[PDB]
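Observations on the three-dimensional arrangement
Okay, here's what each chain looks like letter by letter:
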2 protein chains.
Amino acid sequence: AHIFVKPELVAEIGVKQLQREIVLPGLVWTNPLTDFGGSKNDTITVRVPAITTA
Amino acid sequence: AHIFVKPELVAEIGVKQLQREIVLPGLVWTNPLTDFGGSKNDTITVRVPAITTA
């Protein structure tokens, strides 16, 4: 019968891929040490001080 | 590959040997008697008063 030339319409309506919310980085101790370049094996050794007894 | 001569770097970050909190000294009767020098045998006598019966 009648022929109509139509486009294929693409729409975005706010449907996204559900994906986790990030909380862990803010709670962990990040970068107390920075100069890993300049220490052998990329290892910085932390010194824990001493305690005596009377 | 390339090889480099680096120092071992020792750093303090705030890691400490965990020790408890001192609470007992503030809770015990301390120094009601002081002049232990000036008394025989480094001893001060404490007198507890008399109690009578009828």
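Residues numbered from 1 in each chain as written, not as in the entry; some residues may be left out. Chains lettered and ligands numbered in written order. Part of a larger assembly, values for the part shown. Heavy atoms only, no water.

- Listed as the method for this PDB entry is cryo-EM; the listed resolution is 3.2 Å.

1. Observations concerning the overall build of chain A
- Helices and strands together make up the secondary structure of chain A, namely zero helices and one strand.
- Relative to the 2.2 N^0.38 estimate, which gives 10 Å for 54 residues, the radius of gyration of chain A is 30 Å and therefore markedly larger than a compact globule would have.
- In terms of principal-axis extent, the alpha carbons of chain A reach across some 105 × 30 × 10 Å.
- By residue count, 6% of the 54 residues in chain A fall in the buried class.
- Of the roughly 5,900 Å² of accessible surface on chain A, 57% is carried by carbon and sulfur atoms.
- For chain A, the distance from the average position of its 5 positive side-chain charges to the average position of its 5 negative side-chain charges is 6 Å. (Helix = DSSP H or I, 4+ residues; strand = E, 2+ residues; numbered from the N terminus. Rg over C-alpha atoms; globule rule 2.2 N^0.38 Å. Buried < 20%, exposed > 50% of the residue type's maximum accessible area, 1.4 Å probe, protein only. Areas by Shrake-Rupley, 256 points an atom, 1.4 Å probe, with all protein chains shown as cover. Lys, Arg positive; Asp, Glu negative; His and termini not counted. Charge placed at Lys NZ, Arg CZ, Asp CG, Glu CD.)

2. Describing unusual backbone geometry
- A positive phi angle, close to 55°, is found at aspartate 42 of chain A, a residue other than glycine.
- Mapping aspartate 42 of chain A onto the fold places it in the segment before strand 1 (44-46).
- For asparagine 31 of chain B, which is not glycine, the phi dihedral falls at a positive 55°.
- With respect to the helices and strands, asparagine 31 of chain B occurs in the segment after strand 1 (9-11).

3. Looking at the interface of chain B and chain A
- Contacts between the two partners involve twelve residues from chain B, matched on the other side by 18 residues from chain A.
- Summed over both partners, the interface of chain B with chain A comes to about 1,600 Å²; 59% of that surface belongs to carbon and sulfur atoms.
- Looking only at chain B, the three residues that lose the most surface to chain A are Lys6, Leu9 and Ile13 of chain B, adding up to 38% of its buried area.
- At the boundary of chain B and chain A, one finds two salt bridges.
- With a shortest N-O distance of 3.4 Å, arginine 47 of chain A and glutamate 12 of chain B are connected by a salt bridge. (Contact = heavy atoms within 4.5 Å. Buried area = accessible area lost by both parts, 1.4 Å probe. Salt bridge = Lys/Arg side-chain N within 4 Å of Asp/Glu carboxyl O.)

4. Let's talk about a nonpolar patch on the surface
Residue and element names in this part refer to chain B.
- Together, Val23, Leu24, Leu27, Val28 and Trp29 make up an exposed nonpolar region whose accessible area comes to about 640 Å².
- Here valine 28 is to be found in the segment after strand 1.
- Given a relative accessible area of 52%, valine 28 falls into the exposed group. (Patch = residues over 30% accessible without salt bridge, like charges linked within 9 Å, V, L, I, M, F, W, Y side chains within 5 Å.)

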